[PDB]
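In what follows, a structure is listed as structure tokens, so that the remarks can point back to it.
All values below were derived from every heavy atom in this structure, side-chain atoms included, with hydrogens, water molecules and symmetry-related copies excluded. Every chain is numbered from 1 and lettered A, B, ... according to where its sequence line falls, protein lines coming before strand lines.
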2 protein chains.
Amino acid sequence: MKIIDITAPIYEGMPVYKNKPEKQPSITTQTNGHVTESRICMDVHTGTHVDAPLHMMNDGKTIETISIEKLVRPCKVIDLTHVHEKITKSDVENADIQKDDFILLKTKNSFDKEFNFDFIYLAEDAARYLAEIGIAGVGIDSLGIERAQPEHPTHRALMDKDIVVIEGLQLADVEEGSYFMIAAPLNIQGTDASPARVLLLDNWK
Amino acid sequence: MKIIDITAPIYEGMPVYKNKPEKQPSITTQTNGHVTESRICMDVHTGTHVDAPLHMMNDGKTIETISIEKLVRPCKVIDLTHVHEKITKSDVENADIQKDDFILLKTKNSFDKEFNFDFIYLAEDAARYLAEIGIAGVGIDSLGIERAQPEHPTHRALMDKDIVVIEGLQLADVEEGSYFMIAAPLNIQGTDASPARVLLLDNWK
Ligand SMILES: [Mn+2]
Ligand SMILES: [Mn+2]
Ligand SMILES: [Mn+2]
Ligand SMILES: [Mn+2]
């Protein structure tokens, strides 16, 4: 029984989207004696997080409306580290991908220590498939699940079929295969996302 | 397989320590058409959270040094909702509490939906016993594990023997007995605590 921690470290200087200074977290501390107490400011879309429909809608469901039963369940890691530029319907047709599947995608982003602007992303063609195939949720090892797609069709195509999106996974030391996924978000209410601790278990039970 | 969410909701207006209005979380939201994006600010000791040795020491370990192997593991939920004022050595001698047990304390705090200044707490006599018995960790259904104790002897007795302190649990709907605990902290580096999503499973094997 090994736990693989596939969560991104949160710290000032961490890889953030487009390396934008304002997307960086701040931690303030105070030590009155031996008592050390901190406060953290962070974008909900920081490192390992779970997107909610409200991101890409407006009467969109929040983080809260997505049940823990959908996040603390079995999952399948798909190795797409052979993929260049973007994941296409081709790369996900040939994989074991059924209805109510939670698929985590290990791509060459798992191996970038700093932000890469040309990160492998889930194209609309790939997402529209995944939606009509009837997957439960998709995780990507990238802070955003899509780029170079204005009107955000990838995102919109998942959250339309209430498919939970997990961004910011660190899947370097993970082998393609089925695992017990623990995707535990901060119990934030009414928001477009929540930062998450995502663990894999080799439970094989 | 039933998950029990024993994590407090995080929202402006939530119960915080002594109702200090500065300990309240903040959130800023932005809406370019249908993209919605948020930023949270919160005390790392807000609601359900894991304490680190740093709080109550300085050479003491930060919230990245408590491994997930001792936070995502079998737990014992002990009923002490018959206890008044404070938990004592007598109150934790009678219970099936063993070395390397992770013990979550259900008390009258779970049935308090607002902060109460007279909260049940773990007293030094009890925290010392649990320290020399060799428990792996103790969870409390109060935002703080002690009060009316200057020098913080309960904290220190436990963070001294690398015993983990988990605070802010919501154990009203939780029957005394064994569970699988997922105490999944936000992966913030070099801090005195980190907010946690704590889940309880009934897998029993
Ligand atoms: Mn995002
Ligand atoms: Mn997104
Ligand atoms: Mn605390
Ligand atoms: Mn504390």
Side-chain angles (χ1 to χ4, degrees), chain A residues 1-3 5 7-12 14 22-23 25-29 31 34-48 52 54-58 60 64 67-69 72 151-152 155-156 182-199 201 205, chain B residues 1-3 5 7-11 14 22-23 25-27 29 31 33-48 52 54-58 60 64 67-69 72 151-152 155-156 182-199 201 203 205:
Chain A
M1 242 270 196
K2 32 165 152 266
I3 318 187
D5 194 338
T7 309
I10 302 150
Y11 60 106
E12 314 215 52
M14 66 187 280
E22 349 84 53
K23 298 217 143 163
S26 38
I27 170 225
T28 84
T29 319
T31 315
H34 245 190
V35 185
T36 311
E37 272 161 26
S38 307
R39 179 157 184 107
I40 172 86
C41 297
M42 45 177 325
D43 165 37
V44 293
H45 295 264
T46 300
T48 313
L54 184 64
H55 202 222
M56 264 74 230
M57 274 112 100
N58 257 169
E64 234 275 31
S67 81
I68 26 255
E69 304 112 53
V72 187
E151 286 183 358
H152 287 102
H155 269 111
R156 281 256 48 229
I182 318 264
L186 195 106
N187 203 13
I188 218 202
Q189 269 220 77
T191 319
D192 50 278
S194 186
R197 201 61 175 263
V198 189
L199 315 162
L201 303 165
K205 167 73 211 59
Chain B
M1 235 277 281
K2 184 225 21 213
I3 320 175
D5 196 355
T7 308
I10 291 137
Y11 64 99
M14 66 183 289
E22 338 94 28
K23 292 218 127 231
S26 191
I27 176 191
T29 323
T31 331
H34 254 209
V35 197
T36 322
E37 265 158 45
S38 263
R39 177 165 181 90
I40 179 99
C41 293
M42 45 173 344
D43 158 46
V44 293
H45 308 256
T46 295
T48 318
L54 178 53
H55 203 223
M56 262 98 227
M57 270 118 87
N58 261 103
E64 232 285 299
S67 100
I68 40 261
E69 309 119 76
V72 178
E151 287 174 13
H152 297 108
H155 265 99
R156 287 222 57 188
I182 320 291
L186 192 98
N187 207 32
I188 192 196
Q189 314 283 312
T191 344
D192 34 298
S194 174
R197 185 76 173 267
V198 185
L199 301 172
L201 310 164
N203 121 89
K205 177 171 10 253

Worksheet item: Where on A/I3 is there a heavy atom nearer than 4.5 Å to chain B: the side chain, the backbone, both, or neither?
Response: side chain

Discussion item. Using a 3.5 Å distance criterion without hydrogens, assess whether the side chain of B/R197 forms a donor-acceptor pair with backbone atoms of A/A184.
Written reply: no

Practice prompt. Against chain B, label A/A196 side chain, backbone, both or neither, depending on which of its atoms sit under 4.5 Å from a heavy atom there.
Written response: neither

Worksheet item: Which one of B/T46, B/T48, B/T7 has the most heavy-atom pairs closer than 4.5 Å to chain A?
Response: B/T7

Worksheet item: Out of A/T31, A/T28, A/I68, A/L201, which one racks up the most heavy-atom pairs below 4.5 Å with chain B?
Response: A/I68

Worksheet item: In terms of heavy-atom pairs under 4.5 Å, which option from A/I188, A/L199, A/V198 contacts chain B the most?
Response: A/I188

Item to complete: Kindly write out the residues that satisfy ring pair (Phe, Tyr, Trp, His ring centres under 6.0 Å) with B/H45, not counting sequence neighbours, or none if the list is empty.
Response: B/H49, B/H55

Discussion item. Can you give me the closest heavy-atom contact between B/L186 and A/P195, atom names plus distance?
Written reply: CD1-CB, 3.5 Å

Discussion item. Test your reading of the model: is there a side-chain donor-acceptor pair from B/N187 to the backbone of A/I10, 3.5 Å cut-off?
Written reply: no

Worksheet item: What part of B/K205 is in contact with chain A, defined as an atom under 4.5 angstrom from a non-hydrogen atom: side chain, backbone, both or neither?
Response: side chain

Practice prompt. Measure B/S67 against the heavy atoms of chain A and call it side chain, backbone, both or neither at under 4.5 Å.
Written response: neither

Discussion item. Please identify, among B/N203, B/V44, B/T29, B/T191, the residue contributing the most non-hydrogen atom pairs under 4.5 Å to chain A.
Written reply: B/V44

Item to complete: Heavy atoms only: give me the nearest B/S38-A/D43 pair and the separation to one decimal.
Response: O-OD1, 2.9 Å

Worksheet entry | Residue selection (most heavy-atom pairs with chain B, distance under 4.5 Å) from A/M56, A/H155, A/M42 | A/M42

Worksheet item: Ion pair present between A/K23 and B/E37, side-chain N to carboxylate O less than 4.0 angstrom?
Response: yes

Worksheet, complete the sentence: Residue from A/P185, A/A193, A/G190 scoring the most non-hydrogen pairs under 4.5 Å with chain B is A/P185

Worksheet item: By a 4.5 Å heavy-atom criterion (distance strictly below it), what part of B/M14 contacts chain A: side chain, backbone, both, or neither?
Response: neither

Item to complete: Please say whether more than 12 non-hydrogen atoms of neighbouring residues, nucleotides or ligands are located less than 6.0 Å from CD in A/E151.
Response: no

Item to complete: Using non-hydrogen atoms and a 4.5 Å limit, figure out which bit of B/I40 sits close to chain A: side chain, backbone, both or neither.
Response: both

Discussion item. Quick check: closest heavy atoms across A/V35 and B/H152, and the distance to 0.1 Å?
Written reply: CG2-CE1, 3.9 Å

Worksheet item: What part of B/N58 gets closer than 4.5 Å to chain A, counting heavy atoms only: side chain, backbone, both or neither?
Response: both

Worksheet entry | Heavy-atom pair of closest approach, residues B/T36 and A/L54 | OG1-O, 3.2 Å

